[PDB]
Amino acid sequence: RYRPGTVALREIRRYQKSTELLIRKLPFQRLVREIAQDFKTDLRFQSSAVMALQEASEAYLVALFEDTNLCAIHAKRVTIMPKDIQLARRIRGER
Amino acid sequence: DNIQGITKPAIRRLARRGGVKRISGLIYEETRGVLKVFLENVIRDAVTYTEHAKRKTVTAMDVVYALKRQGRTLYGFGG
Amino acid sequence: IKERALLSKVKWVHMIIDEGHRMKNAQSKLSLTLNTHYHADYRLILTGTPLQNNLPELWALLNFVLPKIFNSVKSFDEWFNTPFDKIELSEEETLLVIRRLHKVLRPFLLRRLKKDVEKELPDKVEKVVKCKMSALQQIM
Amino acid sequence: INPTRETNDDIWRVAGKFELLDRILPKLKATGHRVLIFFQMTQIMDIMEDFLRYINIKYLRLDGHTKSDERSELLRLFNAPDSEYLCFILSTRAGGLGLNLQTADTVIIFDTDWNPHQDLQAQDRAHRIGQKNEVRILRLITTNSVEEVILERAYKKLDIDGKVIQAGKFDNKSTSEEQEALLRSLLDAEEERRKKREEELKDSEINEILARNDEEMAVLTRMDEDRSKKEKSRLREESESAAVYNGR
Amino acid sequence: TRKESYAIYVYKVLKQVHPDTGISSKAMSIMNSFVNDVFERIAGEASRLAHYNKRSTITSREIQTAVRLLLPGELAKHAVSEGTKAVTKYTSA
DNA sequence: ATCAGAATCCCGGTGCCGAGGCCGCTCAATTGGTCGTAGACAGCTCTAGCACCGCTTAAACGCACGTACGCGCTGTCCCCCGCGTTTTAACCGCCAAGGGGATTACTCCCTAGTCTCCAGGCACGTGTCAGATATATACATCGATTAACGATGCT
DNA sequence: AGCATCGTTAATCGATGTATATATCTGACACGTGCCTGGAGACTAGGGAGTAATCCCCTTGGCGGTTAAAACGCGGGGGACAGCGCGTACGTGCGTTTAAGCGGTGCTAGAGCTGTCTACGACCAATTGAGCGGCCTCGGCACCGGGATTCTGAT
């Protein structure tokens with residue numbers, strides 16, 4: 001068995017190495033459709049539009065986890081916590 | 001439902017890309033909330049541009065103009 | 001489709017494919033990936049019934065079935081006008097074009113019945129029925 | 001409709017398919033003759049399983065997502081003539097090509113052939129070489145609905161290929177006179193359905209389908225002292241509330 | 001319908017910088033959206049500079065100042081150098 | 001749990017410079033007419049979007065288990081706060097020189113506009129190879145246990 | 001003083017993932033082609049921008065007197081930081097489901113283009129009243145002086 005934390009680093013290098021999309025298509029598409037139901041009913045989505053929302057969403061969450069990691073490391077902890085997330089979103093001015 | 005369709009391994013991978021080493025157990029609900037927020041913010045704009053053109057289809061250009069509308073510019077899908 | 005990377009390397013001679021209605025379109029991946037299969041001299045297709053009523057894909061069929069028409073793809077779409085003055089239109093369209101189809105297509109398709117081989121088929125064995133609704137459902 | 005979603009008496013009282021279904025089942029098991037039925041997928045087959053389990057008439061089940069192990073295993077489970085189960089569920093698309101049976105008899109189709117080649121495809125699974133029984137087919141349709149319009153378009157298509165595949169039936173050895181024979185007689189059939197283009201609740205009418213002889217007409221009178229004699233009716237708040245929740 | 005793009009031009013410049021290297025279609029789309037982006041930026045800043053100073057004509061001076069505003073540092077210096085050289089050679093010959 | 005006491009709120013009084021109303025004096029807002037044209041509306045085509053199922057399999061999920069780390073607690077020490085004293089540079093008030101912003105009058109030449117002509121660039125094909133994938137083989141690295149070397153103790 | 005034993009850092013070996021070499025196979029990329037619409041050339045009018053000249057007001061500079069504020073120091077108490085220990089929560093691997101991915105069918109709604117045809121906005125002439133710069137009051141608020149009240153800290 002590997003010492004805890006090695007597999008996590010190997011995954012860091014692996015996913016930071018490639019361009020692969022990290023969220024599965026169909027669940028994200030159903031989520032987009034559900035969220036869009038509350039605005040205007042019976043809407044049509046092009047595939048490139050859903051792909052666009054997936055690109056922007058995944059990139060936004062990656063940056064959010066970068067800044068959250070900066071907060072957790074500033075706290076002298078290697079484990080990110082919700083207060084780190086909402087702290088980053090509080091400093092960015094998003095809330 | 002749906003927002004739960006975003007999976008613990010998914011968010012886990014998104015954190016692995018961001019450089020996060022170890023993750024607390026409560027990150028997942030907060031990440032789903034933030035994702036729902038951002039998606040509402042972009043989709044309301046995209047649907048606005050869609051309704052203005054009097055079209056029933058939400059295209060890629062509408063999403064690009066919504067992202068550029070909110071300050072995050074996207075390339076490769078047109079603009 | 002998954003094992004085309006293996007079973008298509010070896011040479012083949014006589015293939016048997018079943019349910020030509022499953023084959024249907026030539027634009028489907030199955031069709032164009034059967035060309036990735038290299039070659040088998042003899043061929044055949046088994047089916048319980050021909051293609052869809054609209055029949056644009058008579059092309060696709062006789063292309064995968066035969067060397068005949070694969071040269072000109074766009075030809076017969078206007079020659080399909082027989083199906084789509086019932087006496088005169090049935091005459092020109094139906095009688096002309098369909099007499100042509102029979103004239104060309106005789107030595108390919110083969111069809112029989114159960115009464116031909118036996119007559120032990122008990123009846124035409126086909127009926128229908130009707131039903132009603134419920135007001136609580138009918139309001140939907 | 002109900003919060004408890006337990007097996008209920010009103011599950012089969014909401015529509016007429018289950019009413020006439022509860023009418024035929026005692027005669028189904030009575031006559032000792034089996035039935036094949038075709039369905040749509042997902043919840044339809046589930047609810048039919050819930051009804052056949054409700055009145056407890058045992059059934060096999062088959063569909064697209066099942067494995068090949070119990071596909072062939074279930075196929076073998078049919079082949080035993082001692083079978084105490086009469087009906088069972090089979091998928092039009094998945095299982096329509098899924099079996100070859102000399103021993104079946106009766107067939108029922110709900111979906112009404114989005115393609116006619118599928119209904120005639122899975123339709124012939126009853127009549128087969130060496131059939132010692134007499135086949136009867138039933139299309140269950142409700143009036144004042146889009147589905148009998150789908151049947152309209154269905155035999156409209158049966159005419160469309162009726163100039164193609166029903167033209168292709170006389171071609172085997174390349175005969176001569178039979179083609180115009182099917183043109184005059186068959187043309188009288190398409191003209192007959194040109195007339196067609198533009199109840200059975202009593203026991204006798206339903207008895208007529210599965211009788212096929214007077215012997216069955218006589219033995220089905222034992223089911224007339226309960227279904228008819230019987231020593232509520234079919235049918236608001238669900239209509240207004242249903243209109244509220246369905247208005248999304 | 002003919003939808004024009006900058007594709008062939010980015011292709012030519014690519015063959016000037018790296019004659020042996022090709023470009024994928026997606027990267028060409030990214031380059032297209034980049035050129036359109038920067039174009040709209042410089043044109044917008046030129047419109048603002050023309051409006052604040054109360055002039056109805058956009059000349060090379062407003063485009064120059066806009067480039068000096070948008071592009072940080074060496075991009076601005078070398079950009080103004082190349083552009084000034086291009087207008088020079090343009091009006092000279 | 002409480003008085004001494006330092007900071008703050010509250011109230012009455014006073015002086016002033018900016019808020020608020022008035023009055024000529026425009027010059028841009030309103031009206032009346034034209035004149036060309038952007039888009040409103042109807043019609044036609046046909047593409048991609050919608051639902052659904054069949055079928056396989058990589059991924060998710062549930063669970064058992066270990067140990068890495070978050071967090072609470074304690075001790076230390078150091079460094080930043082609260083206050084006094086001393087110095088200095090901000091501030092305000094006035095005065096003076098002047099040059100750069102602001103305007104107006106005159107002129108010219110750069111660009112909008114239109115007409116004419118043609119080729120630079122574009123959709124549509126054709127061939128064709130860069131690399132993505134698969135198999136085989138070897139290297140980098142983590143995780144484990146060893147097994148050597150040095151130091152200390154005992155004889 | 002020498003030898004032996006114990007402690008702990010000094011040592012190698014395996015299994016996993018990762019890199020390299022060859023083969024192969026394809027779908028996206030590079031190039032040629034017919035055509036057509038937008039770019040270049042040529043010509044003309046006119047109005048906006050350049051340019052000279054003048055006016056003035058707001059910037060810069062200086063000087064002197066006041067004084068609030070900043071620098072400098074000096075105790076000391078509380079908080080930053082290191083260490084230590086506990087417990088529990090998350091990584092990690094394995095067996096089991098399960099929907100994702102890919103394909104394939106059937107339908108059709110709305111994207112996309114065109115062709116008229118007309119209400120609607122640009123544009124110019126005529127006219128005038130709403131808003132603005134200059135100019136007057138006068139009072140709400142800054143400032144102050146005194147008293148009552150409240151919140152902090154050592155008994």
# chains A, B, ... in the order shown; residues from 1 in each chain; ligands from 1
$ interface_residues --of "chain G" --to "chain C" --cutoff "10 Å" --atoms "only C-alpha atoms (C1' of nucleotides)" --output "list in words"
residues 25, 103, 104 and 105 of chain G
$ write_last_selection --atoms "N, CA and C atoms (P, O5', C5', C4', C3', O3' and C1' of nucleotides)" --output "PDB file, in the first residue's frame"
ATOM      1  P    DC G  25      -3.155  -1.975 -39.783  1.00  0.00           P
ATOM      2  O5'  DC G  25      -3.564  -0.532 -39.226  1.00  0.00           O
ATOM      3  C5'  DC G  25      -4.592  -0.418 -38.250  1.00  0.00           C
ATOM      4  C4'  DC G  25      -5.272   0.943 -38.310  1.00  0.00           C
ATOM      5  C3'  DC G  25      -6.020   1.254 -39.605  1.00  0.00           C
ATOM      6  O3'  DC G  25      -7.190   1.981 -39.286  1.00  0.00           O
ATOM      7  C1'  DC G  25      -4.426   2.923 -39.223  1.00  0.00           C
ATOM      8  P    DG G 103     -19.973   6.085 -32.057  1.00  0.00           P
ATOM      9  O5'  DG G 103     -21.315   5.377 -32.565  1.00  0.00           O
ATOM     10  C5'  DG G 103     -21.363   3.962 -32.691  1.00  0.00           C
ATOM     11  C4'  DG G 103     -22.798   3.471 -32.756  1.00  0.00           C
ATOM     12  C3'  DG G 103     -23.731   4.296 -33.625  1.00  0.00           C
ATOM     13  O3'  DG G 103     -23.661   3.873 -35.016  1.00  0.00           O
ATOM     14  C1'  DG G 103     -24.794   3.558 -31.585  1.00  0.00           C
ATOM     15  P    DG G 104     -24.273   2.466 -35.523  1.00  0.00           P
ATOM     16  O5'  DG G 104     -25.858   2.665 -35.478  1.00  0.00           O
ATOM     17  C5'  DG G 104     -26.686   1.579 -35.083  1.00  0.00           C
ATOM     18  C4'  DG G 104     -28.118   2.029 -34.868  1.00  0.00           C
ATOM     19  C3'  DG G 104     -28.725   2.850 -36.016  1.00  0.00           C
ATOM     20  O3'  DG G 104     -29.908   2.212 -36.486  1.00  0.00           O
ATOM     21  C1'  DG G 104     -29.208   3.815 -33.915  1.00  0.00           C
ATOM     22  P    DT G 105     -30.752   2.829 -37.708  1.00  0.00           P
ATOM     23  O5'  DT G 105     -32.135   3.255 -37.028  1.00  0.00           O
ATOM     24  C5'  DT G 105     -32.863   2.304 -36.257  1.00  0.00           C
ATOM     25  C4'  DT G 105     -34.158   2.899 -35.728  1.00  0.00           C
ATOM     26  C3'  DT G 105     -34.994   3.659 -36.758  1.00  0.00           C
ATOM     27  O3'  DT G 105     -36.368   3.356 -36.572  1.00  0.00           O
ATOM     28  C1'  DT G 105     -34.519   5.064 -34.926  1.00  0.00           C
TER      29       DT G 105
END
$ select_by_dssp --residues "chain C" --states "strand (DSSP E or B)" --output "ChimeraX atom specification"
/C:12-14,17-18,40-42,45-46,131
$ select_by_dssp --residues "chain E" --states "alpha helix (DSSP H)" --output "PyMOL selection string"
chain E and resi 7-17+25-52+60-70+74-92
$ residues_around --residues "range 61-70 of chain G" --least-positions-apart "2" --cutoff "12 Å" --atoms "only C-alpha atoms (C1' of nucleotides)" --output "PyMOL selection string"
(chain F and resi 86-98) or (chain G and resi 59+72)
$ interface_residues --of "chain G" --to "chain A" --cutoff "8 Å" --atoms "only C-alpha atoms (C1' of nucleotides)" --output "NGL selection string"
:G and (91-92 or 100)
$ interface_residues --of "chain F" --to "chain E" --cutoff "9 Å" --atoms "only C-alpha atoms (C1' of nucleotides)" --output "VMD selection string"
chain F and resid 121 to 123
$ write_last_selection --atoms "C-alpha atoms (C1' of nucleotides)" --output "mmCIF file, in the first residue's frame"
data_model
loop_
_atom_site.group_PDB
_atom_site.id
_atom_site.type_symbol
_atom_site.label_atom_id
_atom_site.label_comp_id
_atom_site.auth_asym_id
_atom_site.auth_seq_id
_atom_site.Cartn_x
_atom_site.Cartn_y
_atom_site.Cartn_z
ATOM 1 C "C1'" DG F 121 -10.688 35.059 -50.878
ATOM 2 C "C1'" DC F 122 -14.202 31.454 -49.952
ATOM 3 C "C1'" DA F 123 -17.180 26.668 -50.027
#
$ residues_around --residues "residue 160 in chain D" --least-positions-apart "3" --cutoff "6 Å" --atoms "only C-alpha atoms (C1' of nucleotides)" --output "list in words"
residues 53 of chain C; 157 and 163 of chain D
$ write_last_selection --atoms "N, CA, C and O atoms" --output "compact mmCIF listing (two decimals), in the first residue's frame"
# COMPACT_ATOMS: atom_id res chain seq x y z
N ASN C 53 -41.33 2.59 -45.29
CA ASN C 53 -42.30 2.95 -46.31
C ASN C 53 -41.79 4.04 -47.24
O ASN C 53 -42.01 3.99 -48.46
N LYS D 157 -49.43 3.72 -44.02
CA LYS D 157 -48.12 3.20 -44.38
C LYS D 157 -48.22 1.78 -44.93
O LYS D 157 -47.55 1.44 -45.91
N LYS D 163 -47.93 -0.84 -51.97
CA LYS D 163 -47.52 -0.77 -53.36
C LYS D 163 -46.08 -1.24 -53.57
O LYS D 163 -45.62 -1.29 -54.71
$ interface_residues --of "chain A" --to "chain B" --cutoff "9 Å" --atoms "only C-alpha atoms" --output "ChimeraX atom specification"
/A:5,8-9,11-17,22-24,26-28,30-32,34-36,39-40,42-53,55-69,78-82,85-86
$ interface_residues --of "chain G" --to "chain E" --cutoff "10 Å" --atoms "only C-alpha atoms (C1' of nucleotides)" --output "VMD selection string"
chain G and resid 28 to 30 37 48 to 49 113
$ write_last_selection --atoms "N, CA, C and O atoms (P, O5', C5', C4', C3', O3' and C1' of nucleotides)" --output "compact mmCIF listing (two decimals), in the first residue's frame"
# COMPACT_ATOMS: atom_id res chain seq x y z
P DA G 28 -12.05 14.40 -37.63
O5' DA G 28 -11.12 15.67 -37.38
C5' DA G 28 -9.94 15.54 -36.58
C4' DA G 28 -8.72 16.05 -37.32
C3' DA G 28 -8.87 17.44 -37.94
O3' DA G 28 -7.66 18.16 -37.80
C1' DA G 28 -8.34 15.89 -39.63
P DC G 29 -7.64 19.75 -38.00
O5' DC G 29 -6.47 19.97 -39.07
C5' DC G 29 -5.20 19.39 -38.85
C4' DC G 29 -4.39 19.35 -40.13
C3' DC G 29 -4.36 20.66 -40.92
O3' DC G 29 -3.07 20.85 -41.48
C1' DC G 29 -5.19 18.94 -42.29
P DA G 30 -2.52 22.33 -41.78
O5' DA G 30 -2.01 22.24 -43.29
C5' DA G 30 -1.06 21.25 -43.66
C4' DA G 30 -1.11 20.99 -45.16
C3' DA G 30 -1.19 22.25 -46.02
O3' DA G 30 -0.30 22.14 -47.12
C1' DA G 30 -2.98 20.79 -46.54
P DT G 37 -22.53 37.51 -55.49
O5' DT G 37 -22.23 38.22 -54.09
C5' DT G 37 -21.43 37.55 -53.12
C4' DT G 37 -20.22 38.39 -52.74
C3' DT G 37 -20.49 39.87 -52.50
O3' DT G 37 -19.68 40.33 -51.43
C1' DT G 37 -18.88 39.66 -54.19
P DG G 48 -18.51 69.02 -39.63
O5' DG G 48 -17.33 68.25 -38.88
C5' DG G 48 -16.76 67.09 -39.46
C4' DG G 48 -15.24 67.15 -39.46
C3' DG G 48 -14.61 67.66 -38.17
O3' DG G 48 -13.38 66.99 -37.96
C1' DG G 48 -13.97 69.06 -39.94
P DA G 49 -12.87 66.68 -36.47
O5' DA G 49 -11.29 66.92 -36.57
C5' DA G 49 -10.57 66.36 -37.66
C4' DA G 49 -9.47 67.31 -38.12
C3' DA G 49 -8.63 67.92 -36.99
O3' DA G 49 -7.26 67.84 -37.32
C1' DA G 49 -9.47 69.62 -38.39
P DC G 113 -28.52 32.38 -43.34
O5' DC G 113 -29.33 32.77 -44.66
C5' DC G 113 -29.41 31.85 -45.74
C4' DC G 113 -30.68 32.06 -46.54
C3' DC G 113 -30.88 33.48 -47.06
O3' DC G 113 -30.58 33.54 -48.45
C1' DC G 113 -32.92 32.48 -46.22
$ interface_residues --of "chain D" --to "chain F" --cutoff "10 Å" --atoms "only C-alpha atoms (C1' of nucleotides)" --output "ChimeraX atom specification"
/D:40-42,63-67,91,93-94
$ atom_distance --atom1 "CA of residue 114 in chain C" --atom2 "CA of residue 139 in chain D"
22.4 Å
$ atom_distance --atom1 "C1' of residue 2 in chain G" --atom2 "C1' of residue 150 in chain F"
15.2 Å
$ interface_residues --of "chain F" --to "chain B" --cutoff "10 Å" --atoms "only C-alpha atoms (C1' of nucleotides)" --output "VMD selection string"
chain F and resid 49 59 to 60
